[PDB]
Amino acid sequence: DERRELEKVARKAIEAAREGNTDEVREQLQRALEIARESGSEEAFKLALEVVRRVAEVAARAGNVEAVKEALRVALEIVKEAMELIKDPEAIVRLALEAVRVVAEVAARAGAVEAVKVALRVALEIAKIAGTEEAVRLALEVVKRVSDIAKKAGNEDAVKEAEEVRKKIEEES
């Protein structure tokens, strides 16, 4: 039922991401967050994270930093709601950090410093909200992946950015 509503949102969200329609991407992800927030079930959040993951992936490979920010903002909102309502939110936290990882690697290889900063920032805030050893572990690996890709490509700014985020995740723990 609400699975059908999200699947209709997924079609419109992905299509706007392929063409670069940042306004439609923003409103579809907003609708997807509302469907999961009204349902309140764990499956509704995971289905909404799947739409977020695919949109953020296309937006990152297209270089649309705005659509990346909106996707990762909704992904963070889903983690926030899951940490208050879902009994075992560790699966939702895994899905969100995986979506952040793909954005981070795509931006790091292309050299999109701004998209790297956002992905590293979101990984930092997801680890702070969850506060679990698994969330910190996955967040640091996202930072480690960006650092390795950036050092190989000689992107000093992305290396320095991953430097600061790694320390801030450590101090949060």
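The first residue of the sequence shown is number 1, and the count goes up from there.
> Quick check: 153-161 versus 5-13, which has the larger average CA B-factor in the record?
The stretch with the larger average C-alpha B-factor is 5-13.
> Check the entry's C-alpha temperature factors for 59-67 and 36-44, then say which stretch has the higher mean.
Between 36-44 and 59-67, it is 36-44 that shows the higher mean C-alpha B-factor.
> Highest recorded C-alpha temperature factor, please, choosing from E125, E50, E105, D148.
Of the options given, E50 has the highest CA B-factor in the PDB entry.
> For the chain shown, is the CA B-factor of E77 in the lowest, middle or highest third of its modelled residues?
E77: CA B-factor falls in the middle third of its chain.
> So where's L85 on the chain's Cα temperature factor ranking, which third?
Highest third, going by the recorded CA B-factors of the chain.
> Taking the C-alpha B-factors as the PDB entry records them, is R31 in the lowest, middle or highest third of its chain?
Highest third - that is where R31 ends up once the chain's C-alpha B-factors are sorted.
> What third of its chain, lowest, middle or highest, does the C-alpha temperature factor of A135 fall into?
Highest third of the chain for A135's C-alpha B-factor.
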